[PDB]
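One chain comes next, on its own, written out as structure tokens in the form deposited in one PDB entry.
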């Protein structure tokens, strides 16, 4: 008996949105220590839907200084008197205990922990909660590993754990290597699995691709595009193609028709959010319909790839965060898709990294368009370098199937336009300019005029 409902609604990882909660009750309580409980908490809404959250509770018989407001869940009487319930993920000892359960591949009631074979976990290292992690809770152990504990939990195979495991077990170096994970069942022993968390190698001294790209795209007086960031873009292309190759080998490839109806439905929806799109919708639809019946090769992919999802360590580019297409249910997130769609996601990301500058300037600051010209030249240079690096590993240039590639870029830009129109109108010119450019790129490719 803790007032879970009163506490959870204030948490940044709580996704109740505006909704009235009917109840918030533990579905399963699993003791880990005499003062540590693992809880699956079911929150029920007025429409009858239930959303499950994972909580770990540290009990204290007296107020413990280290915990702040967000980590204080409530109070209850126990067998030795009054107790305060804290969010145990903010307790270094409790976080270390979870890491030790992973290390041992322990089974505690219906909780199953597993250490990846041959992995070493930093049981000695100081645990610190990462403030950057928003949707889940992450605890970084020294400079060696990160424990990510899922907050909202759902049944089925977790794609981030699944694909990271495939990549690590195959020896692919372009990941933050999976070191362990843990899970439970959805409705007691013998029912659907429910992933609970993961442990990955942590890279100190890394840089986010988006930060490196934007720094390059902002260098003053850089009218002659430089080779240093092109070299990085090439190495990034190598890494993405290497990840795709490992995934294709492990999880297979297959053929499907280009998904004309799906991209048309996205276009129809987007055009409702962004009226600017109506003027382009007929042209977009024509290009998509030219792909009706086109067979495409599909495989397991990253699914939400952009420069925010890649890290440069001193030695390599890594891809992270394989949960898949945002907003989609788990089954959909595990569908195979074209590797060219992941390539398209990086190309869109280059466009934003260069053109963010322009939407933030006053018109008078680029009256003759010379900074816009530089942005275009920078995107072209680094897109070519990325595709070339991809080709060097894949043995096939993504630009070869240029029609399919451009159609995926176009579908992303249509979706971006709807987003910017709703949430950031000043950024709308970025995907609108892309749509007109890509319409020509795609028309050229559909006629086999691309290089």
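Numbering follows the first chain given and starts at 1.
Missing here is the form solved in complex with a small molecule; even so, the following discussion is about that form.
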Self-check item: Distance check, residue 136 to the small molecule in the entry with it bound, heavy atom within 4.5 Å
Solution: yes
May I ask you to check whether residue 202 falls inside a 4.5 Å heavy atom distance of the small molecule in the entry with it bound? yes
Could you tell me if residue 320 has a non-hydrogen atom within 4.5 Å of the small molecule in the entry with it bound?
yes
Item to check | the small molecule contact in the entry with it bound: residue 148, any heavy atom under 4.5 Å | outcome: yes
Legend entry - Heavy atom of each of 284, 413 and 434 within 4.5 Å of the small molecule in the entry with it bound: no
From 194, 176, 98, 73: within 4.5 Å of the small molecule in the entry with it bound by heavy atoms is 176
Exactly one of 349, 246, 309, 338 comes within 4.5 Å of the small molecule in the entry with it bound through a heavy atom, and that residue is 309
Counting only non-hydrogen atoms, the one stretch of 222 to 230, 365 to 373, 206 to 214, 87 to 95 within 4.5 angstroms of the small molecule in the entry with it bound is 206 to 214
